[PDB]
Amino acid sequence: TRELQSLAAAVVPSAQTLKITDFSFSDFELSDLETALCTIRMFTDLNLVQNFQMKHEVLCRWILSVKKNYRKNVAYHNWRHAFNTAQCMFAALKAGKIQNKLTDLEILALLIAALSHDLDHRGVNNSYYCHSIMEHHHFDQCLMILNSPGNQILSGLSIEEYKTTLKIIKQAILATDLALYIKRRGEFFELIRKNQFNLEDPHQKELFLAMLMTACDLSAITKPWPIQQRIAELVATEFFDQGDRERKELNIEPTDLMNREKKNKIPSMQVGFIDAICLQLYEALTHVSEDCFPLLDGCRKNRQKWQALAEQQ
């Protein structure tokens, strides 16, 4: 492919040339091809290619696949969301002094995983339990790939390696279903308020890693007003287009969050979100590794721009 060859025989800059190491980083400027070089870098400055000796040409045949297997039709749940979640994954990892808490497996899972937490989205979301169906279609799609020929970045691990990682990847993706993350967090939100925390304990390694996956899913909510707002207008575009669709085939009305109107109350809906989900998920996180404040803060900096906009309704 005149695509793989290219990204193959190019030059993956660096964690610095690419500034992929900051909570303030955005996809906005660089072209897709580049969001490939970065990602490739991601694996690289993460030790994934070297330990698991990933074939250069396949990390790229994978990614490209991973990418092209995304729709630029949806207005948020597009490749640029996965990239921006792998990034925010790749940063709370380094500049967050979090990496030092995970194994080299759980780190391959989270990169591979995180670049697939929403693999084949179509624009069908919620607002409040479904047992994570949309999520198995993502994993089943995740796996569909990793197994694919010429895109097998795990074809270097061992039976108990490929297992232990598919157990994280899966359990990982399936954790982007806020439902679970809400029918859980409530507890992982006391290991803190009782400090009895501990990552050596498996279960807690679960609750953590999860609360971490969503933390990055919502990555864009703690981004510089520019980068952040520029995105909420995208998720908005989608949330509204989903109402429009479900008022054509079906004949239901919209749940505010999704009606092309109520656009004036979008703030308090953004505000409510943060207070209902964002805030505590990030502050609490912080306590794990204080090098995460950049998020919990960017958040509070945004939940004061909404409280502003909203104080005009």
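Quick note: we count residues from 1 along the sequence shown, nothing fancier. The term rigid core refers to the maximal set of C-alpha atoms that superpose within 1.5 Å between the two forms.
Take 283-291 and 65-73, fit the other structures onto the shown form by the rigid core, and average the C-alpha distances in 8 other deposited structures of this protein: the farther stretch is 65-73. Core-fitted comparison in 8 other deposited structures of this protein shows that, between 134-142 and 147-155, the CA atoms farther from the shown form belong to 134-142.
Modelled in this chain, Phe189 is likewise resolved in all the other entries of the protein that span it on both sides, not missing from even a third of them.
Per the records, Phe239 is modelled in every other compared entry, just as the shown structure includes it, so no third of them leave it out. Higher mean CA temperature factor between 257-265 and 33-41: 257-265, per the PDB entry. The stretch 171-179 shows the higher mean C-alpha B-factor when 171-179 is compared against 233-241 in the entry. The residue among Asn198, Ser116, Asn84, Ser127 whose C-alpha atom has the highest B-factor in the PDB entry is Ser127. Within the selection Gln99, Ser219, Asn73, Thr164, the deposited Cα B-factor values reach their highest point at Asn73. Among the modelled residues of its chain, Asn51 has a C-alpha B-factor that falls in the middle third according to the deposited record. The deposited CA B-factor of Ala8 belongs to the highest third of values across its chain. In the deposited entry, the Cα temperature factor of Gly123 sits in the middle third of values across the chain's modelled residues. In the PDB entry, a CA B factor belonging to the lowest third of its chain's modelled residues is recorded for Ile274. Looking at the C-alpha B-factors along this chain, the one for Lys223 belongs to the highest third.
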